[PDB]
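This document starts with one chain, in the form deposited in one PDB entry, laid out as structure tokens.
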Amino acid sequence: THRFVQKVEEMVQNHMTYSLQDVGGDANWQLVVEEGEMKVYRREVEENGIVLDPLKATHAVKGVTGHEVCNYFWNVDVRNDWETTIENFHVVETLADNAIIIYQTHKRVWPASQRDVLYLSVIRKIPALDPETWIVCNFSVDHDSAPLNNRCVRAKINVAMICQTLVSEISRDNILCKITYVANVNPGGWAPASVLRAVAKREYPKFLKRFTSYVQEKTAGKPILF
């Protein structure tokens, strides 16, 4: 029990309720990029001239479990192995064995100002109660030990990586991880709409391919962690 436990539970339950829903039959979501089972959608949303476009993607990744996908997404010690858009990050606070608060700065995308972010990152298993599900939620929080960074505008995020595992002695050949990934990012102040939209459209599919291939590579030949 840390001070965020109730907020974590609300965020995780909202994602389980609303984020997991299939959007294939929902014309409100625009399917923007498809590469096999990887499907990336957005809604075009602006608030006060600032792009907020919600992002939602699904993927089906052979040979890894939801638990493993979530561990590698959450574990800061492997972060620099797959992340390509981060300049710096610092763990600000350790709340629990499954929850931390992170500060990070993103590489600048000309001509917009650099952004930074301050967020809680939590990894949770949700029992079947139906598949079991593993979820990582990353969502912005306020913290006193946030640095002064005069180069950066503070973005706010609510991201979840939600994973369900299907299985046919069990082999990697017989396992598939189904991922739903959602990201709602407020860039904080102004940035050109065309730039934000092009960064999203490029960087989200690149991340999902890169990150899922990395998990496949790191786990192959290791005992399966369900």
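The term rigid core refers to the maximal set of C-alpha atoms that superpose within 1.5 Å between the two forms. Shifts are known only where both forms have a C-alpha. Numbering starts at 1 and follows the sequence shown.
Colleague: Per the record, how many residues of the deposited chain fall between residue 48 and residue 49 without being modelled: none, 1 to 3, 4 to 9, or 10 or more?
Modeller: The entry leaves nothing out here.
Colleague: With respect to the deposited sequence, is there a break between residue 148 and residue 149 in this entry, and if so is it 1 to 3, 4 to 9, or 10 or more residues, or none at all?
Modeller: In the record, the chain runs straight from residue 148 to residue 149 with none unmodelled.
Colleague: Mind pulling up the entry and telling me whether 154 to 162 or 62 to 70 has the higher mean Cα temperature factor?
Modeller: Per the deposited B-factors, the answer is 62 to 70.
Colleague: Can you tell me which stretch has the higher mean Cα B-factor, 133 to 141 or 109 to 117?
Modeller: Higher mean C-alpha B-factor in the PDB entry: 109 to 117.
Colleague: Return the residue from 177, 32, 170, 55 that has the highest Cα B-factor in the entry.
Modeller: It is 170.
Colleague: Considering every modelled residue of the chain and its Cα B-factor in the PDB entry, is residue 193 in the lowest, middle or highest third?
Modeller: For residue 193, the deposited C-alpha B-factor lands in the middle third.
Colleague: Using the temperature factors of the C-alpha atoms in this entry, rank residue 15 within its chain: lowest, middle or highest third.
Modeller: It belongs to the lowest third of the chain when residues are ordered by C-alpha B-factor.
Colleague: When the deposited Cα B-factors of this chain's modelled residues are ordered and cut into thirds, is residue 214 in the lowest, the middle or the highest one?
Modeller: Highest third - that is where residue 214 ends up once the chain's C-alpha B-factors are sorted.
Colleague: Divide the modelled residues of the chain into thirds by Cα B-factor and specify which third, lowest, middle or highest, holds residue 95.
Modeller: Answer is middle: the recorded C-alpha B-factor places it there.
Colleague: Sorting the chain's modelled residues by C-alpha B-factor, tell me whether residue 128 ends up in the lowest, middle or highest third.
Modeller: Its C-alpha B-factor belongs to the highest third of this chain's values.
Although it is not shown, the form deposited in another entry is what the next lines describe.
Colleague: After aligning the rigid core, which of 98, 149, 85, 88 is the one whose Cα travels 2 Å or more between this form and the one not shown?
Modeller: Residue with a C-alpha shift of 2 Å or more: 149.
Colleague: Check residue 139 against residue 148 at the C-alpha atoms and report closer or farther in that other deposited form, compared with the shown form; the change is 3 Å or more.
Modeller: Those two alpha carbons end up closer in that other deposited form.
Colleague: Using the form shown as baseline, tell whether residue 147 and residue 142 are closer or farther in Cα-Cα distance in that other deposited form, where the change reaches 3 Å or more.
Modeller: Their C-alpha distance shrinks by at least 3 Å in that other deposited form.
Colleague: As a test: superpose on the rigid core, then list the runs of at least 3 residues whose Cα atoms all move 2 angstroms or more between this form and the one not shown.
Modeller: When the rigid core is held fixed, residues 109 to 111, 147 to 151 are the runs that shift.
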